[PDB]
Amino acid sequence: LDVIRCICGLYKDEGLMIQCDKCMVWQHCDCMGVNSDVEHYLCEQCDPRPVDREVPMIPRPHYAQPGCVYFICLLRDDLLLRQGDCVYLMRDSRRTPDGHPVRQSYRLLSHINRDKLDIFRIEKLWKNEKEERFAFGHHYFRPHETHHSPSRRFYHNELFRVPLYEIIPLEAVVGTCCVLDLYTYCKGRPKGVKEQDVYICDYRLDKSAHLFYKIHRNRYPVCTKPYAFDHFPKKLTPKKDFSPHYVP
């Protein structure tokens, strides 16, 4: 089936890869510490061995500052985060309106209401000169955060891409979520994602957040193969019956 089960948890078939001699899963040569010239190989499940779950960008980027190392995936304690992952973020706690957004540790959160957390797309991960983990990416706006006509209706799980970028400490990540296009949302669900953490986004906003532009190319496409994606028996037909203005 050409199954990819790497430690990084990404399905990209870009670059050198290596197959296991027992379970037949493909893994990135860069993520594991192995050449493509090796004639025999076993994965970390078939051949249990220490694995560093934090994988550096092996083509080290040019924009990399000395002392800092860019990563394709990092660990937030026990939770693995990857480039292209959507996450829930702790709120901005600043009482100074001019100050930088201060987002506290996830460990301080009392009870998890995901609707009260900011949703964010990780574009970059890196360890700094002090080995502190950071992420860079853009925000997704919830429907109530947008300027719209009272007539406008949304999906209850609809979000909107916004050209608002931020550097965050990795501790500010509460958990992962899944942001799909409508078509993909209707077809199936990526393996190991909760129904309650699946959102729809087809539109981006301008800076005023009054203008709604259709997204043409999804920047981070999901693997649709059966080992990675659970196809629904029938395509969903969700309803745009949610209004931020008119809520109980």
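A residue's number is simply how far along the shown sequence it sits, counting from 1.
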task: Between 54-62 and 215-223, point out the one with the higher average CA B-factor as the PDB entry records it.
output: 215-223
query: As stated in the PDB record, which stretch has the larger average Cα B-factor, 171-179 or 146-154?
result: 146-154
Largest Cα B-factor, entry values, listed residues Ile200, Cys68, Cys31, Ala209: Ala209
Top Cα B factor in the deposited entry, candidates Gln83, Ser105, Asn128, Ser110: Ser110
- prompt: For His100, does the deposited CA B-factor place it in the lowest, middle or highest third of the chain?
  reply: highest
query: Taking the entry's C-alpha B-factors for this chain, is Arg133 in the lowest, middle or highest third?
result: lowest
field: Position of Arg161 among the chain's modelled residues by C-alpha B-factor, lowest, middle or highest third
entry: middle
message: Looking at the temperature factor on the CA atom of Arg91, which third of the chain's modelled residues does it land in?
response: middle
